[PDB]
Amino acid sequence: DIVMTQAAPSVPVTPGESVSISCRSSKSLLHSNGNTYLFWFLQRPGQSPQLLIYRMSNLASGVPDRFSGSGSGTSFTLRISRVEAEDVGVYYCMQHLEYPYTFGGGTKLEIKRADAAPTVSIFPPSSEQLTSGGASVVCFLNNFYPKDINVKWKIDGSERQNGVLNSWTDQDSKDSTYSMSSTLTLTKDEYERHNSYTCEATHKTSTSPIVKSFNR
Amino acid sequence: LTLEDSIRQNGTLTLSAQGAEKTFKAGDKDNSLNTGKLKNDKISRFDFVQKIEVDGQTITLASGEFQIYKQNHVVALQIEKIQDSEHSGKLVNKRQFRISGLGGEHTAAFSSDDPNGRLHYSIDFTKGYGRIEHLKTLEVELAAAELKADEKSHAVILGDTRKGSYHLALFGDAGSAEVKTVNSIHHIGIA
Amino acid sequence: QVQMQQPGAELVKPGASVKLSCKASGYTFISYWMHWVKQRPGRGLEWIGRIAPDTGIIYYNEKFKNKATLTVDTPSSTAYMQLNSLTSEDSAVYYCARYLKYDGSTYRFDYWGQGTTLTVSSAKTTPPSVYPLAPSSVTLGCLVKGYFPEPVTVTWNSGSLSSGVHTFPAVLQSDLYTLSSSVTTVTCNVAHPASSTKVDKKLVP
């Protein structure tokens, strides 16, 4: 089987500059008819792969002029002349010269943008959840950079280490920013035994950490 | 003059030569060609492309050389690039020789890359035996048989090849032959 | 227009079989091959096989020789794919893609199905529990807790409110999934295709 290799796992780039994503093949993708059968694909998170380049250099309908295709035998490269934030995602090369059709590993485009601070949002458990016998305090860390952030909880001034589940978003398609959500799962019982709850975020943005709290 | 059997899948036929391309679309009677207006007793070669349209885009099904023989009253199609729509899905460089011509018939030579061929056949109205030579193939003989309208309203020889099959159509006051050798099944024409 | 419809998700018990469908619309269905692609959770796109509704021929990847069975119904303009003796390593997303039987077009892998999220496990489908999260810009949340299996489709104001939305990836705790979504007459629209549920919750003080 033909082996498609994308040596770069991810490439960083600043908005407005030029990027180059490369892909190598085990055998020449040039057929005797002279046509090189190579595709380039963009998979945005939670979406189906989208054709970008066909025949190694020809742009596909609906693909912006920024995207460019080039290559030879056993060497192929996709180029974005001016990288915008909407280009974040994983780029896949694919051969269809021989069965089995084989994809490349995928190179994620990462956008280096200006350092920004997280925006804390805190939320008391809803009345419906409290009626349901559960209690989940839910904290949001919206629109920050970079992805390295840490989270601490304070139940009545004491730390919590159980039932703390965290989730991280990918790069924002416009803001080039990240976001995070931490959820503290409590019962209707022990949530009713504490008054002060605090969610604390630590980041390079400020020396003094940001914590937002609430009291019932 | 008008060749409708040379079109595939009810598509097009772009014959192109000498900086000019005429597209004969099937279903229209306006398509026509030289009724011997080109040089007689000579094989005139054209570069043809067969195309169809699928979902608003034209796709070439085959291409290659297109040669004709002219008399008072045989079209040959040397395909050089055909599509493997069954397996590869790619326009491969497969070479095949076919014959798809007819002219003005009455009612009652060339081979694959071998332009210099002689057709010496004779027939008398007993109710068509012929010898073919001057070719790469060593030693082919058309087998004599009867003739009839055969629902074509025109006399047809429908002879054999010597284990073969030949067809010659009378005209005026024209044919195609199939032969099977060890190397491959060679297509020959009569004119 | 060309539209290819796939079921959003499907849950089955291990060791059983499943027949994924991919309907087609807006093009001459017999002229196009049908390819199937698996994308497992994490990373990696595998090509499985193509089926020709005109010739009836299936070309397949040897890795899926005994795992996949490709059939087509030209009258209904639908292609099917049957997965057999399902194991845990078959939990993945499966795509269909058109591929014109002819070379020289812009009609190869140019339209992709939305994907079918196939989850194979012994558990049972649980519809989600949706709780609105409420306190110059206002942040509003929406908790979608205790559903199974993935995925869900969180949406705000039927898609009208689409800038500033932050939907977070799910977390697998105690055999069920849970996510949350934010945004900065506001309605949280959650759908769970596996249990066939749509929930519209309004965010109010």
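Residue numbers (the deposited numbering), protein chains in the order written: chain L, 1 to 216; chain A, 34 to 106, 109 to 143, 159 to 177, 180 to 191, 194 to 216, 222 to 232, 238 to 255; chain H, 1 to 135, 143 to 191, 201 to 221. By construction, the Cβ of each residue, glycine as well, lies at the ideal position given by its N, Cα and C atoms.
Taking the beta carbon of residue 195 of chain A as reference, no residue of chain H falls within 8 Å; the closest one sits roughly 40 Å away.
Among the residues facing chain H, residue 40 of chain A is not included, as its CB has no counterpart in that chain under 9 Å away. Annotation: residue 127 of chain L is outside any beta strand (DSSP E); the continuous alpha helix (DSSP H) that includes it extends over 127 to 131. The C-beta of residue 175 of chain A has fewer than 16 other C-beta atoms within 10 Å across all chains shown, which makes the residue exposed. In the three-state reduction of the DSSP assignment, residue 166 of chain L falls in the strand class, which pools E and B. Residue 60 of chain L counts as buried, since at least 16 other C-beta atoms from the protein chains shown sit within 10 angstroms of its C-beta. Residues of chain A with a Cβ closer than 8 Å to the Cβ of residue 31 of chain L are, in chain order, 125. Residues 97, 98 and 132 of the same chain have their beta carbon placed closer than 6 Å to that of residue 113 of chain A, with the five preceding and five following residues left out of the count. Close to residue 36 of chain L, with beta-carbon spacing below 8 Å, lies no residue of chain H; the smallest spacing is near 12 Å. Within chain H, 59 have C-beta atoms less than 7 Å from the C-beta of residue 99 of chain L, given in sequence order. For residue 54 of chain L, the residues of chain H that pass the 9 Å Cβ criterion are 106, 108, 109 and 110, in the order they occur in the chain.
Taking all protein chains in view, the Cβ of residue 16 of chain L is surrounded by fewer than 16 other Cβ atoms within 10 Å, so the residue is classified as exposed. Sequence-distant partners of residue 139 of chain L (beyond 5 residues in either direction) whose C-beta falls short of 6 Å from its own C-beta, in its chain, are 122, 182 and 199. Annotation: Cβ neighbours of residue 55 of chain H in chain A (cutoff 7 Å, chain order): 121. For residue 35 of chain H, the uninterrupted beta strand (DSSP E) segment begins and ends at 32 to 39.
Taking residue 16 of chain H as the centre and dropping the five residues before and after it, the same chain places the C-beta of 86 closer than 7 Å to its C-beta, in chain order. Per DSSP, the beta bridge partners of residue 195 of chain A are A:183.
Apart from sequence neighbours up to five positions away, the residues of its chain that approach residue 188 of chain A with a beta-carbon distance below 7 Å are 164, ordered along the chain. Only buried fits residue 118 of chain A, as 16 or more other CB atoms lie within 10 angstroms of its CB. Cα atoms of residue 59 of chain H and residue 1 of chain L: separation of roughly 14 Å, rounded to the nearest angstrom. Looking at the DSSP output, residue 180 of chain H bridges to H:183. The residue from L:132, L:94, L:41 and L:177 with its alpha-carbon nearest to that of residue 187 of chain L is L:132. Residues of chain A with a Cβ closer than 9 Å to the Cβ of residue 65 of chain H do not exist, since the nearest Cβ in that chain sits about 18 Å away.
Taken through DSSP and simplified to helix, strand or coil, residue 86 of chain L comes out as helix. Taking one beta carbon from each stretch, the region 95 to 104 of chain L and the region 112 to 131 of chain L have fewer than 3 pairs nearer than 8 Å; the two do not touch. Boundaries of the beta strand (DSSP E) harbouring residue 130 of chain H: 129 to 133, taken from the DSSP string. Of all alpha-carbon atoms in L:39, L:216 and L:196, the one lying nearest the alpha-carbon of residue 77 of chain L is that of L:39. Assignment of residue 64 of chain A by DSSP, reduced to helix, strand and coil, places it in the coil class. Distance from the Cα of residue 12 of chain L is smallest, within the candidate group L:109, L:118 and L:74, for L:109. Listed as beta-bridge partners of residue 202 of chain L by DSSP are L:150. Residues of chain A whose Cβ lies closer than 9 Å to the Cβ of residue 28 of chain H are, in chain order, 87 and 88. Look at residue 63 of chain H here: in three-state DSSP terms it is helix. Residues are counted here when their Cβ sits less than 7 Å from a Cβ of chain L; for the region 167 to 184 of chain H these are 173, 175, 176, 178 and 180, given in chain order.
In the structure shown, residue 37 of chain A adopts coil according to DSSP, grouped into three states.
L:35 is the residue among L:35, L:85 and L:42 whose C-alpha sits nearest the C-alpha of residue 72 of chain L.
Contact annotation for residue 70 of chain H against chain A: no contact, minimum CB-CB distance about 16 Å [criterion: below 7 Å].
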